[PDB]
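We did not get these values from a lab; they are worked out from the coordinates using the rules stated. So basically every Cβ, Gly included, is an ideal-geometry build from the backbone, and we count neighbours across all protein chains shown.
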Amino acid sequence: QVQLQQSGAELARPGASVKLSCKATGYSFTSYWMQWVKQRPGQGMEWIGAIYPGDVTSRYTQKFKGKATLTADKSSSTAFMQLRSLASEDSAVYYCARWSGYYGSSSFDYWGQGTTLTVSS
Amino acid sequence: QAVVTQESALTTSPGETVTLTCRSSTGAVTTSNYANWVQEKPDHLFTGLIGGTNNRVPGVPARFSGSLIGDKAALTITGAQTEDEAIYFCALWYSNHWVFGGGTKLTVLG
Amino acid sequence: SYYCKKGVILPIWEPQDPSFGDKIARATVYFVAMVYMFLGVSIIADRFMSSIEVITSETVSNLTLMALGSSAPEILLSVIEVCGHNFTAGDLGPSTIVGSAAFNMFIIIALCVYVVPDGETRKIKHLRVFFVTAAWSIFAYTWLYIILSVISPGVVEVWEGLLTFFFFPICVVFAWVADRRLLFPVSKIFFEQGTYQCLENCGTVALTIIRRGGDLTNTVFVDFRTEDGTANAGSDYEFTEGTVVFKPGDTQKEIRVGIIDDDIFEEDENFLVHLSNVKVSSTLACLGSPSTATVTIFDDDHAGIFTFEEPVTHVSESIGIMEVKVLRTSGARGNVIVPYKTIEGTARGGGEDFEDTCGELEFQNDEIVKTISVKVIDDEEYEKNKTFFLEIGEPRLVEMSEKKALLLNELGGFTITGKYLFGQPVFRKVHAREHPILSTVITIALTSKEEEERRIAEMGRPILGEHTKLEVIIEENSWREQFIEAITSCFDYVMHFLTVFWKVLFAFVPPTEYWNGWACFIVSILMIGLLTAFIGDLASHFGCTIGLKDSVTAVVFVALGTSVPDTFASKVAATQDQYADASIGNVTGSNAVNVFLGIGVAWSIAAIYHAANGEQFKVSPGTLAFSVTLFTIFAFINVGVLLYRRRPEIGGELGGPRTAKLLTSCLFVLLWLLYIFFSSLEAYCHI
Ligand SMILES: [Ca+2]
Ligand SMILES: [Ca+2]
Ligand SMILES: [Ca+2]
Ligand SMILES: [Ca+2]
Ligand SMILES: [Ca+2]
Ligand SMILES: [Ca+2]
């Protein structure tokens, strides 16, 4: 019974910062990678990065290196993504996806329902 | 940097077989690209179907199968039902970062 | 007569000559059982011919073997009847061979004329071969008359029996022959090389300064200094601005430049070294080409590229523990945990066939190979080769220096371990399922150059190589298809349920693919021999129950039933081919081998057996004499009409104009009806 409870919808102004929380339950949090995916309508999907909540090992793409910081809180079994210097192109839907750590298996086993982020004034 | 291309949309009928394509811009997808297939249902319900070009997620129905045909990866659904009307994305590892496709909005008549 | 002799297999139905109603009851049982056997023989002889097809895989030599394969019911029945009934000539065997010739020569050829589609003709291209073969088949029945009536009448001698048999190899050699042939200066100061290369871990790089020319008995003063290129002083190299002096009689000096080492991945960097202020103690000396060297720094701090040695591994099952090697190929820096696991395929794990294992092996610094211990468990039984899989996960660079834990931007809890590496305190990440005092831990919580450093240092991450998935294979249906094909449109249902007993029974015949068709060949010829043992009995007891003679029941019933394999072989070749050679030749080839093997072998065995007893082998000529002469007279009419259809008005032996097509077919059916009616009367002495 794997369920990834994605955080509620967020509204922020441009130039501000927002923090998103995928509260993973139903499995061993500290032995599974969590992957964050950005979806924009008409631009497909973009991989943001991955985090290993065990020892806080993180991966990111080059364009999302400074934009997003991945953090985990193993006490409350929640993984966090913090977006800084928000702009109009950051208005998207962000998903959290579970990864076992093995490339022979699916890297996107279970997904959250997605938080819609609106960046407008 | 590389771009993954798919069909915009590809219709079919229930009970018929269907093949979906996933083409890399740098050339032919090998087994080192680890082509993954994921599916979104309406209202943002994502599910992971196929792992490293062959491995199927437990609980995914047996009609979904992944393989390599030519210079491109393939998702084949043999006898799709109405439940398979969804959007299918393909991801390639590229040794540093997953690159997703545009999604084929497969639709089944009913 | 109404008295029935005991057969090879079937017992005599008793009492004999019971009534008139019981004769109708008994003969109906014998007739239906005989017709059901004829249905069975056609199924097994079809499979027997298909096995012969595979052994010999359209020549006369190939077609004479297929004509031999379909004539096994006639050949075996004559041999079984003689040997089964104590080597006495019986009427049933010889008559079904002569009676088969009439059915083959007239009825089969008449059907082959008609099956060719309207507007299409089939012509005998090779007419020289047709003349020789058709004469030999007709002579076979003439020669049968000679030994019974002309030479020592009423008796078959040993040489007569053998000479009948030895005409069969003449058929074989002629077939092989026909395919082959018938068918086809002042002192100057300069560097040795001008471009040096050293690793980052050497510590010092050796440059060399040379003075040549002028007078060597002098003193030269020169300064050297290191200036930044793509490598920076204080972080990548040690800055040096020493002075070099050349003694009189000395021409070379070695200068050393320090290289600062660390654990951070970097690209190839270089720096510039310059010389100037050339002076002599007490024009005389100046710098020349070259005076500046570009010294490269190869960086060895990549944390590894993790692969299995090879994709497929073959393992003896009776082995204690495997040692799969995981090779860290492209560098080594810092401890790197590499998760692994076992995935069971055909070789199901859980301890029954291997011990399931999974864990987190950890490489140390500058250690390029470790092993994965999975233990195969052997079993007593001899089974198929089983496979299971081994796969490593995504590695984790657990241990790093202080300043490298900023470039990698690790924000987890860190521990200060005792060890020192390149002169720096070395930290190691806290992993969950391990507990600290939590006072001990340190948590370690751009300018367009720093971000370059992070981007380059993220290329020294532990990654996975070519082979991350290794298959372990442990080392020590066509039968099913026949049974599925055996049991499976109303007309099709009638034929399916009629022959379902035979198809299931004959699905136990080995598939033709085994032993290159020979496994099917041995079993099929045994079953043909078994079902023509029953046919010989069923036809024998049918005749004597109603008073029918063995001559009559062989000509009308047994001859027609055993030529069903010959009819379909000729019919397919009539339609599917372009000529009439194969269709007509199967009729001619069948007729020859019926006499030469069916009567040649059976009468050779009987004549030799009686000769060993000093006794003659007596065959009554009268029954067979009129049959063979009636056949030859009717055969010349059949051969004459076939040659008459070669005119351009008709165009060929088979097919042709529809009005001539029926007349040729109806004439040949009329010849068969005339033959079996006249032969039946002569059997009963009605002339
Ligand atoms: Ca350096
Ligand atoms: Ca540097
Ligand atoms: Ca180094
Ligand atoms: Ca270095
Ligand atoms: Ca076993
Ligand atoms: Ca075994």
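Mind checking which strands (runs of 3 or more DSSP E) fall wholly inside the stretch C:343-431 and carry at least 3 residues that are within 14 Å of chain A (Cβ to nearest Cβ)? Write out each step before concluding.
Numbers: elements: C:359-363, C:369-374, C:387-392, C:399-401, C:414-421, C:424-429.
In the stretch C:343-431, C:359-363, C:387-392, C:424-429 are the strands (runs of 3 or more DSSP E) which contain 3 or more residues that are within 14 Å of chain A (Cβ to nearest Cβ).
Against the test of being within 12 Å of chain C (Cβ to nearest Cβ) and part of a loop (DSSP other than H, G, I, E, B), the options A:85, A:107, A:121, A:76 yield a single qualifying residue, A:107.
Just to be sure, is residue A:62 part of a strand (DSSP E or B) and within 12 Å of chain C (Cβ to nearest Cβ)?
On the way: part of a strand (DSSP E or B): no; within 12 Å of chain C (Cβ to nearest Cβ): yes.
Criteria not met by residue A:62.
What do you reckon, is residue C:303 within 16 Å of ligand 4 (Cβ to nearest atom) and either more than 30 Å from residue C:460 (Cα to Cα) or buried (at least 17 other Cβ atoms within 10 Å of the Cβ) (or both)?
Details: within 16 Å of ligand 4 (Cβ to nearest atom): yes; either more than 30 Å from residue C:460 (Cα to Cα) or buried (at least 17 other Cβ atoms within 10 Å of the Cβ) (or both): yes.
So residue C:303 passes the test.
When we screen C:345, C:349, C:393, C:359 for residues that are among the small types (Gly, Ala, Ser) and more than 38 Å from the chain's Cα centre (by Cα), the only hit is C:359.
Contact map, the stretch C:255-271: residues that are closer than 11 Å to residue C:238 by Cα paired with residues that are near ligand 4 (Cβ under 9 Å from one of its atoms) and β-branched (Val, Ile, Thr), Cβ distance under 7 Å, separation 6+ or inter-chain. Pairs shown: C:259/C:297. Against the test of being more than 16 Å from ligand 1 (Cβ to nearest atom) and either β-branched (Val, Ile, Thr) or surrounded by 18 or more Cβ atoms within 10 Å (Cβ to Cβ) (or both), the options C:226, C:294, C:230, C:219 yield a single qualifying residue, C:219. Scanning the stretch A:33-59 for residues that are more than 10 Å from every other protein chain (Cβ to nearest Cβ) and either surrounded by fewer than 19 Cβ atoms within 10 Å (Cβ to Cβ) or among the hydroxyl-bearing types (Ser, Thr, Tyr) (or both) returns A:40, A:41.
A Cβ distance below 7 Å, combined with a sequence gap of six or more or placement on separate chains, defines the contacts here; from the stretch C:7-20, residues that are closer than 23 Å to residue C:37 by Cα reach residues that are assigned to a loop (DSSP other than H, G, I, E, B) in the pairs C:12/C:4; C:12/C:6. Checking each residue in the stretch C:432-444 for being on the phi < 0 side of the Ramachandran plot and within 11 Å of chain A (Cβ to nearest Cβ) picks out C:432, C:434, C:443. Going through C:662, C:673, C:630 one at a time, which residue ends up being more than 22 Å from residue C:92 (Cα to Cα) and in a helix (DSSP H, G or I)? Checking each option against the conditions leaves just C:662.
Which of the residues belonging to the stretch C:487-511 are part of a helix (DSSP H, G or I) and within 24 Å of the chain's Cα centre (by Cα)?
Keep residues of the stretch C:487-511 that are part of a helix (DSSP H, G or I), which gives C:490-508.
Result: C:507, C:508.
Which members of the stretch C:445-454 meet the condition of being of a type outside the set (S, T, N, Q) and either more than 12 Å from chain A (Cβ to nearest Cβ) or closer than 16 Å to residue C:397 by Cα (or both)? Across the stretch C:445-454, the qualifying residues are C:449, C:453, C:454. Can you pull out every residue in the stretch A:88-104 that is farther than 22 Å from residue C:396 by Cβ and either β-branched (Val, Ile, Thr) or more than 9 Å from chain B (Cβ to nearest Cβ) (or both)? Selection gives A:88, A:89, A:90, A:91, A:92, A:93, A:94.
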